[PDB]
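A short worksheet on the structure shown next.
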Amino acid sequence: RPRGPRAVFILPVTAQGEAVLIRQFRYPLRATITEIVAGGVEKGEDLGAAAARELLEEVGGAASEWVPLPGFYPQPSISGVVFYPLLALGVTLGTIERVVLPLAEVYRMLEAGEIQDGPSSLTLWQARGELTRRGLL
Amino acid sequence: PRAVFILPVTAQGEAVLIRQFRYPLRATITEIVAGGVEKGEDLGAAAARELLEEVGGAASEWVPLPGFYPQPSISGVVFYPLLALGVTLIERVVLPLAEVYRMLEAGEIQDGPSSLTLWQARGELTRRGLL
């Protein structure tokens with residue numbers, strides 16, 4: 001029964017306007033790289049539910065509000081996978097290293113090219129209008 | 001392991017986008033110009049070649065943009081985007097920037113690498129008053 005593979009990407013932002021990032025070792029780099037939260041969506045999993053699960057499991061986070069952002073294909077030339085980005089707000093926090101930075105610094109990094117992870121960079125760009133409107137950025 | 005992505009913009013402030021069939025998607029989708037970089041090629045050269053081959057285009061000016069891994073969990077490939085300006089001229093499509101950036105924001109550009117390229121180039125287009 002066709003539903004293609006899916007992963008959810010979450011930009012988690014605290015009440016204080018900090019992004020919750022991770023530095024995750026990636027084998028094709030033999031190095032770590034700065035990323036937002038992400039993971040595959042399970043068989044019987046709704047997008048909303050995969051997102052909360054991943055936020056909990058990867059950074060020990062929970063969100064007060066979820067804002068869905070436009071889905072995209074990370075590599076449509078070789079793969080049918082779809083990445084679904086979400087902005088998580090009001091986030092509280094109880095291989096991978098968690099990295100909490102003020103949003104102004106994250107967007108300075110973004111503009112400078114220092115965020116080389118494509119899916120994370122695209123999510124940050126898509127969330128930017130929302131964060132500016134709320135005065136978080 | 002390198003590819004070059006090109007956003008082509010005309011002196012009139014129109015972007016030149018493509019409609020391309022993508023077999024993993026069983027759909028044709030809106031993209032910018034992109035192609036793989038050959039062995040004895042540097043990035044500028046490849047971008048100009050690929051612009052010519054794909055949309056019949058030639059640019060008066062180039063603004064490089066930041067490189068990115070499309071999928072570092074899985075691949076070490078790097079994509080290198082460039083904005084091409086004063087462009088003059090596999091379905092090719094020409095649109096006013098204002099419409100292209102409406103499409104970007106709406107989610108109508110489904111290809112992540114093209115979208116990121118568009119986002120990365122937006123400050124420059126604004127700076128220049130093309131957008």
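Residue numbers start at 1 in each chain; chains themselves are named A, B, ... in the order of the structure tokens; ligands are numbered from 1 in the order shown.
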
**Prompt:** Running DSSP on the backbone, which parts of chain B land in alpha helix (DSSP H), as a ChimeraX atom specification?
**Reply:** /B:43-55,97-106,112-127

At a cut-off of 12 Å, using only C-alpha atoms, what residues contact residue 35 (chain B)? Leave out same-chain residues fewer than 6 positions from it and give the result as an mmCIF file with C-alpha atoms, in the first residue's frame.
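So out.cif came out as:
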data_model
loop_
_atom_site.group_PDB
_atom_site.id
_atom_site.type_symbol
_atom_site.label_atom_id
_atom_site.label_comp_id
_atom_site.auth_asym_id
_atom_site.auth_seq_id
_atom_site.Cartn_x
_atom_site.Cartn_y
_atom_site.Cartn_z
ATOM 1 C CA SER A 77 17.310 13.002 -8.944
ATOM 2 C CA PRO B 1 31.044 14.132 -5.877
ATOM 3 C CA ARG B 2 30.382 17.809 -6.852
ATOM 4 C CA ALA B 3 27.428 19.428 -8.553
ATOM 5 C CA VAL B 4 26.738 22.998 -9.523
ATOM 6 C CA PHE B 5 23.362 24.711 -9.144
ATOM 7 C CA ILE B 6 22.588 27.905 -11.085
ATOM 8 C CA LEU B 43 33.087 25.416 -10.518
ATOM 9 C CA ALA B 45 33.450 26.785 -15.825
ATOM 10 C CA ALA B 46 30.973 23.997 -15.078
ATOM 11 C CA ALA B 47 28.256 26.511 -14.152
ATOM 12 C CA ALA B 48 28.635 28.413 -17.433
ATOM 13 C CA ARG B 49 28.699 25.171 -19.457
ATOM 14 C CA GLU B 50 25.631 23.791 -17.658
ATOM 15 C CA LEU B 51 23.736 27.084 -18.114
ATOM 16 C CA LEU B 52 24.399 26.962 -21.862
ATOM 17 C CA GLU B 53 23.500 23.269 -22.288
ATOM 18 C CA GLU B 54 20.351 23.262 -20.197
ATOM 19 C CA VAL B 55 18.520 26.510 -21.041
ATOM 20 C CA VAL B 78 28.416 18.705 -2.119
ATOM 21 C CA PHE B 79 26.191 21.007 -4.086
ATOM 22 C CA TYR B 80 27.629 24.477 -5.082
ATOM 23 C CA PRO B 81 25.039 27.170 -5.965
ATOM 24 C CA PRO B 113 18.389 22.060 -3.513
ATOM 25 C CA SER B 114 16.727 24.528 -5.901
#

So that I can see what lies close to residue 34 (chain A), please list as a PDB file with C-alpha atoms, in the first residue's frame the residues with an atom at most 8 Å from it, counting only C-alpha atoms and leaving out residues fewer than 2 positions away in the same chain.
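The resulting around-v6.pdb:
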ATOM      1  CA  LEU A  21      20.538  22.184  17.526  1.00  0.00           C
ATOM      2  CA  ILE A  22      22.581  18.997  17.532  1.00  0.00           C
ATOM      3  CA  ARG A  23      26.121  18.090  16.429  1.00  0.00           C
ATOM      4  CA  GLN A  24      25.858  14.635  15.072  1.00  0.00           C
ATOM      5  CA  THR A  32      30.196  15.870  13.201  1.00  0.00           C
ATOM      6  CA  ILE A  36      18.327  20.511  13.499  1.00  0.00           C
ATOM      7  CA  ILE A 115      25.429  25.663   8.226  1.00  0.00           C
ATOM      8  CA  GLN A 116      26.451  23.229   5.451  1.00  0.00           C
ATOM      9  CA  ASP A 117      23.602  20.753   6.199  1.00  0.00           C
TER      10      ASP A 117
END

**Message:** Using only C-alpha atoms and a distance of at most 7 Å, pull out the residues of chain A that contact chain B, as a ChimeraX atom specification.
**Reply:** /A:26,28-29,70,72-80,113,116-119,122,125

**Asked** For residue 17 (chain B), which residue out of B:130, B:63, B:58, B:95 is the nearest one, using only C-alpha atoms?
**Response** B:95

**Request:** Determine, counting only C-alpha atoms, which protein, DNA and RNA residues have an atom within 8 Å of an atom of residue 87 (chain B); residues of the same chain fewer than 5 positions away are not included. Present the result as JSON, numbers by chain.
**Result:** {"B": [8, 9, 10, 11, 57, 58, 59, 60]}

**Item:** Residue neighbourhood residue 81 (chain A), 7 Å, only C-alpha atoms, exclusion window fewer than 3 positions, as an MDAnalysis selection string
**Value:** chainID A and resid 4:6 73

Selection export as a CSV table (one decimal), in the first residue's frame, atoms kept: N, CA and C atoms:
chain,number,residue,atom,x,y,z
A,4,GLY,N,5.3,6.6,0.3
A,4,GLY,CA,6.7,6.6,0.2
A,4,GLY,C,7.4,6.8,1.5
A,5,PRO,N,8.8,6.7,1.5
A,5,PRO,CA,9.5,7.0,2.8
A,5,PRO,C,9.4,8.5,3.2
A,6,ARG,N,9.3,8.7,4.4
A,6,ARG,CA,9.2,10.1,4.9
A,6,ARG,C,10.1,10.3,6.1
A,73,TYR,N,11.7,17.5,-1.4
A,73,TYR,CA,12.6,16.3,-1.8
A,73,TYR,C,14.0,16.8,-1.6

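With only C-alpha atoms as the atoms that count, the residue of A:11, A:121, A:18, A:51 with the shortest distance to residue 136 (chain A) is A:18.
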
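For the pair CA of residue 64 (chain B) and CA of residue 20 (chain A), the separation is 29.3 Å.
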
**Message:** I need the strand (DSSP E) residues of region 11-128 of chain B per DSSP on the backbone, written as a ChimeraX atom specification.
**Reply:** /B:14-22,27-31,33-36,61-64,78-85,91-96
